[PDB]
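First, one chain by itself: the form deposited in one PDB entry, in structure tokens.
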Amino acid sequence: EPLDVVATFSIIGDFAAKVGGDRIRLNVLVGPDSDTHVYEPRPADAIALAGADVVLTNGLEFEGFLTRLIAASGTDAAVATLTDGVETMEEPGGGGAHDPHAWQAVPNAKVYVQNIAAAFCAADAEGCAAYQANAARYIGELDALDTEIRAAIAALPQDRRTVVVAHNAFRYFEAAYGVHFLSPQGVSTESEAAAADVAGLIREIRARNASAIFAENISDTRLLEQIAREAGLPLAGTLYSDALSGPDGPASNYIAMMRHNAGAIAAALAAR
């Protein structure tokens, strides 16, 4: 009777719970504090897909395992790519690959949400008015959030807008909001460290007068702690990049995740 939905990872799982309410049964593959770039699907994940009516995915090559997992599971679920209709950004490096981290700009989260609603509308026409009224309610909360983030940032001094994080995961926040981010890893956490290039990072840190270093919830902290040491900059806290916190963390849903991040960034930038 309820719609069987599978979401690839936590951030889009939260969006699904918002649009779908009581009418869906939700399963999430990659969970809180876990990293989708390196996730290897387990056999339990194939069982989940096999029963789904709807599978929700970021797309943009975020989930390198999906298409395999789809064929292994034999699922007939319809698959919705929630970045459909988002203004995407190309990866810096490559490779006409796209940067998958589109949810870091709240306007794009509105789109993910619209696509969830459409997907549920296609699978359960009887529920469609309810899916859309949930989406519209939530989209109103996202619009207020967007306003608050832009406002807080645009206030801050033009000359102190840079922070250091773990991977290159906030380019859409930069584009929406005007905060510049450096990191030792690229767009994906698949690679390494090339501690052979912290001295490169550090030099860019000095040239840009970066205000602070942040850990990320998906990643181990040691290099960040060391970069902090060598740059003489505080380790200011933890940002939530590609996953929610668990419950009882400060980022257990998307809106809370963004308010945390934006508040932590602003405090650090204003510290100087």
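Rigid core here is just the name for the largest C-alpha set that superposes within 1.5 Å across the two forms. Residue positions are given as counts along the sequence shown, with the first one as 1.
Beyond the structure shown, there is the form deposited in another entry, which is absent from this document and is the topic of what follows.
Among the residues 60, 28, 48, 235, the single one whose Cα moves by at least 2 Å between this form and the one not shown, once the core is superposed, is 60. In this overlay on the rigid core, residue 245 has a C-alpha that sits less than 2 Å away from its partner position between this form and the one not shown.
Once both forms are fitted on their core, the CA shift for residue 212 between this form and the one not shown remains under 2 Å. After superposing the rigid core, the C-alpha of residue 74 moves by 2 Å or more between this form and the one not shown. Shown here is a form in which the CA atoms of residue 53 and residue 38 lie at least 3 Å farther apart than they do in that other deposited form. Relative to the shown form, the Cα atoms of residue 39 and residue 7 move together by 3 Å or more in that other deposited form.
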